[PDB]
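Here's the structure we're looking at; comments come further down.
All residue numbers refer to positions in the sequence shown, counting from 1. In each ligand, atom 1 is the first atom listed, and ligand 1 is the first ligand listed. The analysis underlying the following values was restricted to heavy atoms, covering all of them including side chains, and did not include hydrogens, waters or symmetry mates.
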Amino acid sequence: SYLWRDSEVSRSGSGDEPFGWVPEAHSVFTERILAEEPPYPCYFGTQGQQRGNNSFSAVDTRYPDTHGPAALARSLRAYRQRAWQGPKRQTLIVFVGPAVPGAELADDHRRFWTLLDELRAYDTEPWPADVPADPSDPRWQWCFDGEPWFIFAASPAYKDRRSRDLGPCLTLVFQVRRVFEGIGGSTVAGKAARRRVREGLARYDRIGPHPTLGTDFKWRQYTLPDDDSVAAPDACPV
Ligand code: HEM
Ligand SMILES: NC(=[NH2+])NCCC[C@H](N)C(=O)O
């Protein structure tokens, strides 16, 4: 099992072994989201970390047959079970490494989509009936193990949208929809939540919230650009 709680991450690997770069990635990530001043903009992520509600996994690109998408599919099935028990506000953070000096943002985004595609082959459940399977559909979302997920890519190549620089690796952030229960967009609590996060972004990032955050074409939110560019709705790369 490559699904880890905070206390388990140190045993992922040591030195040049598979996952040997993971402990440091984990520390860098926790430093970013627990930072005092300015605070990390998403206080939900900070709270989740503080409360022990974040789990972690990794992909080691050097060893795709043993530390790659097949194993991550197992980790994600295990995570999904965990995420529906106990606290609603859990996240899985998946580091993809080793880090690649000099990678550009478009490169990390390509790697992200390729990984999502590779996972589809290892899904043991049918695609959910409530979500269209066609990625050009306005209501498409990425699904796995029987349900849609919220997922986004973090990268060190986010220079202006620093909120999405979580350390030196391409980093995937996975959540089941349960996380958002009680903070839907129409709700009083949901409007408060978005206010608070956005106020945080305005003290942290060099660029404001992206227009695609605002329902349709959620895929564009997975791989925000570092600027105000807006991708074509029917151009999801999956
Ligand atoms: C480690 C965990 C998390 C990280 C790293 C994280 C990161 C972010 C980032 C960077 C944003 C800014 C928008 C974007 O880039 O997509 C954001 C927004 C947001 N996040 Fe978090 N998040 C985490 C966990 C959570 C959890 C558990 C919840 C809910 C319970 C949550 C709810 C929200 C909401 C409501 C917004 C505001 C969206 C908007 O203003 O449109 N996040 N998060
Ligand atoms: N990192 C983020 N943008 N978080 C908020 C995700 C919003 C989510 N798709 C929803 O429908 O409630």
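Here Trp219 contributes atom CH2 and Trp140 contributes atom CH2; the two are 9.0 Å apart, rounded to the nearest 0.5 Å. Taken from CD in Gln49 to CG in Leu34, the straight-line distance is 5.5 Å, to the nearest 0.5 Å. If you take CZ on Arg196 and SG on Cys42, they are separated by 9.5 Å, rounding to the nearest 0.5 Å. Note that CZ of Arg51 and CD of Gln90 are 12.0 Å apart. Values are rounded to the nearest 0.5 Å.
Considering only non-hydrogen atoms, atom 2 (C) of ligand 2 lies nearest to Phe150 out of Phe150, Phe180, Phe152, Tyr222. For atom 25 (C) of ligand 1, the nearest non-hydrogen atom from the set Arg162, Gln175, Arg196 belongs to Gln175.
Ligand 1 has no nitrogen or oxygen under 3.5 angstrom from a nitrogen or oxygen of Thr91. At least one N/O-N/O distance between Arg198 and ligand 1 falls below 3.5 Å.
Just one of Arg74, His67, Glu8 meets the side chain to side chain donor-acceptor pair (under 3.5 Å) condition when paired with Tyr2; it is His67.
Neither the backbone nor the side chain of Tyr204 comes within contact range of ligand 1; no heavy atom lies under 4.0 Å. Neither the backbone nor the side chain of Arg161 comes within contact range of ligand 1; no heavy atom lies under 4.0 Å.
Annotation: atom 11 (O) of ligand 2 to nearest protein heavy atom, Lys218 CE, 4.0 Å. Given atom 12 (C) of ligand 1, the protein heavy atom at minimum distance is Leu201 CD2, 4.1 Å. Scanning the protein heavy atoms around atom 13 (C) of ligand 1, the nearest turns out to be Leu213 CD1, 3.6 Å. In this structure, atom 5 (C) of ligand 1 lies nearest to the protein heavy atom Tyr40 OH, 3.6 Å. The shortest contact between atom 16 (O) of ligand 1 and any protein heavy atom is with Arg164 NH2, 2.9 Å. Atom 30 (C) of ligand 1 has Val179 O, 3.1 Å as its closest protein atom, hydrogens excluded (heavy atom only). With hydrogens left out, the protein atom closest to atom 38 (C) of ligand 1 is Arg194 CG, 4.5 Å, a heavy atom.
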Q: Test side chain to side chain contact (heavy atoms under 4.5 Å, CB included) on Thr61 and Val96 and set out the steps.
A: CA-CA 7 Å; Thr61 60; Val96 182; 3.8 Å; yes
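Residues passing the side chain to side chain donor-acceptor pair (under 3.5 Å) test with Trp84, sequence neighbours excluded: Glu147.
Atom CZ of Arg139 has 12 or fewer neighbouring heavy atoms from other residues, nucleotides or ligands inside a 6.0 Å radius. More than 12 heavy atoms of other residues, nucleotides or ligands sit less than 6.0 Å from atom CD of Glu118.
Counting all heavy atoms, side chain and backbone alike, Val173 lies closest to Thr91 at CG1-CG2, 3.5 Å.
Cation-pi geometry between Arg32 and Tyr40 is not met: the NZ or CZ atom fails to fall both under 6.0 Å from the ring centre and inside 45° of the normal.
In summary, the aromatic rings of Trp149 and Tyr222 are positioned with their centroids too far apart to meet the 6.0 Å limit. For an aromatic pair to be called close, the ring centres must be under 6.0 Å apart, and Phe174 with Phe144 fails this.
Close approach of ligand 1 to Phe29 is summarised as follows: ligand atoms under 4.0 Å from at least one heavy atom of the residue are 1 (C). Taking every heavy atom of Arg89 and a limit of under 4.0 angstrom, the matching atoms of ligand 1 come to 30 (C).
Take a cut-off of 2.8 Å around atom 21 (Fe) of ligand 1: the protein N, O or S atoms inside it are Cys42 SG.
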